[PDB]
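Accompanying notes for the structure given below.
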Amino acid sequence: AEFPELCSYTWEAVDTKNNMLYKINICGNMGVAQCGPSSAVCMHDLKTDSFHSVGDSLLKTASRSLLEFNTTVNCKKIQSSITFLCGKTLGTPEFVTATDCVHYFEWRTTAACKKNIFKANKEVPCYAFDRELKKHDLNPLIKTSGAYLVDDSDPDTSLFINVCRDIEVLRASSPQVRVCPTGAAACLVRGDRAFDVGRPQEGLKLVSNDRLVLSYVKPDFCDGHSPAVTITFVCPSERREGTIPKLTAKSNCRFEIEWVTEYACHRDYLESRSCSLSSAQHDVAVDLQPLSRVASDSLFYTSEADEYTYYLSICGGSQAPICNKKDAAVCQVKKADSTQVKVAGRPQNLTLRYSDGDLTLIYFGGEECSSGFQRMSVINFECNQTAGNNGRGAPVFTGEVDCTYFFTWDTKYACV
Amino acid sequence: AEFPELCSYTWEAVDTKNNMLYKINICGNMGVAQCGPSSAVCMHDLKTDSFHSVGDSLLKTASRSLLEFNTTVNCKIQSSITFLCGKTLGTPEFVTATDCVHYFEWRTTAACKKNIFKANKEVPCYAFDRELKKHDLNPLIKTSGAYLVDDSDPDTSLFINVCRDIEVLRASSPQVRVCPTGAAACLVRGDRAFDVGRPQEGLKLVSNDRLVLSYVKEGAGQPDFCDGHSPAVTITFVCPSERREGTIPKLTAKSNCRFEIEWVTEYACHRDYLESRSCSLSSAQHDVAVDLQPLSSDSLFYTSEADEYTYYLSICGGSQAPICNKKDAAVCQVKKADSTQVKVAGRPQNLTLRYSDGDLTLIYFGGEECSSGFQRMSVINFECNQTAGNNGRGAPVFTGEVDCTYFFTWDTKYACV
Ligand SMILES: *[C@@H]1O[C@H](CO)[C@@H](O[C@@H]2O[C@H](CO)[C@@H](O)[C@H](O)[C@H]2NC(C)=O)[C@H](O)[C@H]1NC(C)=O
Ligand SMILES: O=P(O)(O)OC[C@H]1O[C@H](O)[C@@H](O)[C@@H](O)[C@@H]1O
Ligand SMILES: O=P(O)(O)OC[C@H]1O[C@H](O)[C@@H](O)[C@@H](O)[C@@H]1O
Ligand SMILES: [Os+3]
Ligand SMILES: [Os+3]
């Protein structure tokens, strides 16, 4: 009944500019009693250290893409508004803005898709705010197909895990993973046999300023011991190349795993809403702006596919005439019928990210696919000092997965 | 190469408007003199009884969906054949001739991007008569399944397809899936399936109004109960002197693995007797009067709801839904999960109203291409019903799609003979 997969948790959102923290319960039976037993959206004014409800559970209004919460509290009537968009993970509600009387939020989540195919058998909140109200988000690590191989000295066994959810085994990239039990968050393969050594229960936990842990709980070798998996994610003090998660203890079906990943650091250290990252904020100086101008005759790049042609103009770059009406960072054109023009990403919706050695430029807000998923494009930039076009290089379409378009782009401007 | 399955035959086309009969052979190896061994398009002038080539097979320029042939002659003479993906081998339709340049359009399976529409073996399925009137059996060709022939025999089941093999691999009926691949005629005598006839020669016009199709099965492996005889199937299609309900093919002889089948069908009659390019049929030309114009205070378009799409029909001059008021179509498809997707499933200028074997059918074609290359097409199966809602006008009921060909049922008082 209305996003069932989000109802058993208390979700947090913050308004950084005003130091306001929001506690959200889509089924507000809860406990945020801090605002009362009926409050669905509880606001903590950290300034005066006080709580005020800005959305009551009973005064709810629901539709496929919009949840509204009202109050009887007069305003200089206060209410909350949550715009839902289909996403490929449970996601997190993002604070958009707060007008005089209304508090707006946006939530990209698998629980808002037109098709159930995007919904995981079991997924839990995958983020947490630290003492400073900075978000540590692991959603980027969540696999929708397959899982991660854990490093261990046991050559006759493979340990597979996913993050914050079960491992999708039916379409797994690895043949081994495909032999795993359905619904398992951690799977152990031995002698062509796979065991379910841990399933998703509670959301991600933040223990140390720079440490997050995820616990999975549920076989011969267990000798009377319920299998358990505990992953500890650590934000390193210095930027380094990505590392595989490592096994630190396999004491009788009681697995301990440490994963050094910059995704465990606060998010603003990894991302920018513009085409540049700075040493001061991200410990890396990047500026892809010099790419918006290809200058010559076409300030847009083109990337050929089997059935389509992609036209890209990034960082405010000018677009091509065939898309001179859609306002698109990335524009997909059907070859058989050059009249079908789909937007695969918009310029106002850019996220430049650097984490674990990878520089990624993500454009979202594209036209929706039947699943309800706004088409989006992610560009995996690669450093190349000698890239053609004086180092600017050129994007290569590498493929599509359910309306997310992938490109690779070798360029000197992606060299840290 | 160049459409390999078209070269095995010589295809006729006609310009009745000028009494011209063309012999087409994409590979030029036709032999028929009066125009040469290299002539790809030979034009027999019936008014003078002379032949002149309008296209030489050697002077060929090929494009994706276009074949052109130049000759040595040259007025102040050449040929062009436009190819469009079709679901049967079809026929090269003469469209017009200019200042010594003859045009043709050919909707055929041999021009489909996705070779999923090609049969294991298909042959020409039409023939022109002395009056240059066409007798086309293409509509009876099944891209899936077969026709169960009426034999009255209790021990056997005899299945056939028209001008082509029965698609066994992906057929619904379990009994047909037991038939050998490539068989055009399948005999089930003993819970066993036998191939007693494969296609080879095209449709032949015997009686100036009688069509004959001959399937042969020569060589070793003849069934033991056939006694040194090679199986063979011979179907005679006969045009009824008067309109009547379509009948089933009838087995009229079954000597030694030799089958003689008679099929009384109005599809055997000249085409202009079964079809019109407008929404009306006359008693004089069609032997039946029909006018669907009246179906053309509220919305001037019809709507048929489907699971994933909505279909808007603008019939006989009617007007489309404002949502499709950006192209031009008689049938327009719009995806519900994304109203931005508007596809033309048929165009007003491409309509065929047909009456044959008791069924009244309105067809719109020229729709937008699918990845296969097939232009979308809508076929509206009309039914008689005096007590039809909307004051008899009734309304279209979408009944399903099949590879970019959309079907509809339409009960209306205007569909009554
Ligand atoms: C929410 O408060 C508003 C104000 O009285 C009520 O009216 C509108 O309700 C719709 C949906 O219910 C909202 O989309 C509008 O924004 C509301 N109007 C505005 C702008 O105030 C609404 O009835 C209240 N919700 C309840 C208690 O049902
Ligand atoms: O929304 P649908 O019907 O699932 O179609 C989705 C498809 O739409 C268009 O054809 C293109 O954008 C494809 O890349 C995309 O995958
Ligand atoms: O050309 P494609 O990629 O095979 O798609 C064909 C399909 O396109 C759209 O989704 C609709 O028109 C369907 O009815 C049609 O079958
Ligand atoms: Os073990
Ligand atoms: Os017999």
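In the structure tokens, each chain is lettered A, B, ... as it comes, each chain's residues begin at 1, and ligands are numbered from 1 in order of appearance.
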
List every residue of range 164-385 of chain A that DSSP, applied to the backbone of this structure, assigns to strand (DSSP E), and report them as a ChimeraX atom specification.
/A:186-190,193-200,205-208,211-217,228-234,246-250,254-260,271-272,276-277,286-287,301-304,308-312,330-334,341-343,350-355,358-363,376-383

Closest contacts (chain B/ligand 2, max 9 Å, only C-alpha atoms and all ligand atoms) as a Markdown table:
```
| residue | atom | partner | partner_atom_place_in_ligand_line | distance |
| --- | --- | --- | --- | --- |
| B:335 | CA | ligand 2 | 3 (O) | 7.9 |
| B:337 | CA | ligand 2 | 1 (O) | 7.3 |
| B:338 | CA | ligand 2 | 1 (O) | 7.1 |
| B:341 | CA | ligand 2 | 3 (O) | 8.8 |
```

Counting only C-alpha atoms and all ligand atoms, what are the residues, protein, DNA or RNA alike, that approach ligand 4 to within 10 Å? I want them as a PyMOL selection string.
chain A and resi 154+157+159+188-190+195+197+219-223+227+250-255

Using only C-alpha atoms and all ligand atoms, which protein or nucleic acid residues are at most 9 Å from ligand 1, as a count of residues only?
16

Distance cut-off 8 Å, counting only C-alpha atoms - which residues of chain A neighbour chain B? Return them as a ChimeraX atom specification.
/A:336,368-370,372

Restricting it to N, CA and C atoms, dump the selection as a short mmCIF file (atom, residue, chain, number, x, y, z; two decimals), in the first residue's frame.
```cif
data_model
loop_
_atom_site.label_atom_id
_atom_site.label_comp_id
_atom_site.auth_asym_id
_atom_site.auth_seq_id
_atom_site.Cartn_x
_atom_site.Cartn_y
_atom_site.Cartn_z
N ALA A 336 17.01 4.38 -37.99
CA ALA A 336 15.95 3.99 -38.92
C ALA A 336 14.91 5.09 -39.08
N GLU A 368 11.46 9.82 -19.45
CA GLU A 368 11.11 8.54 -18.87
C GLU A 368 10.90 7.39 -19.84
N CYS A 369 11.33 6.21 -19.41
CA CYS A 369 11.15 4.99 -20.17
C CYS A 369 9.90 4.34 -19.52
N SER A 370 9.29 3.37 -20.18
CA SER A 370 8.07 2.74 -19.67
C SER A 370 8.14 2.27 -18.21
N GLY A 372 9.29 3.97 -15.99
CA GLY A 372 9.10 5.18 -15.21
C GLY A 372 10.46 5.84 -14.96
#
```

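Neighbours of ligand 5 at a cut-off of 6 Å, computed so that only C-alpha atoms and all ligand atoms are counted, are the residues residues 254, 256 and 257 of chain B.
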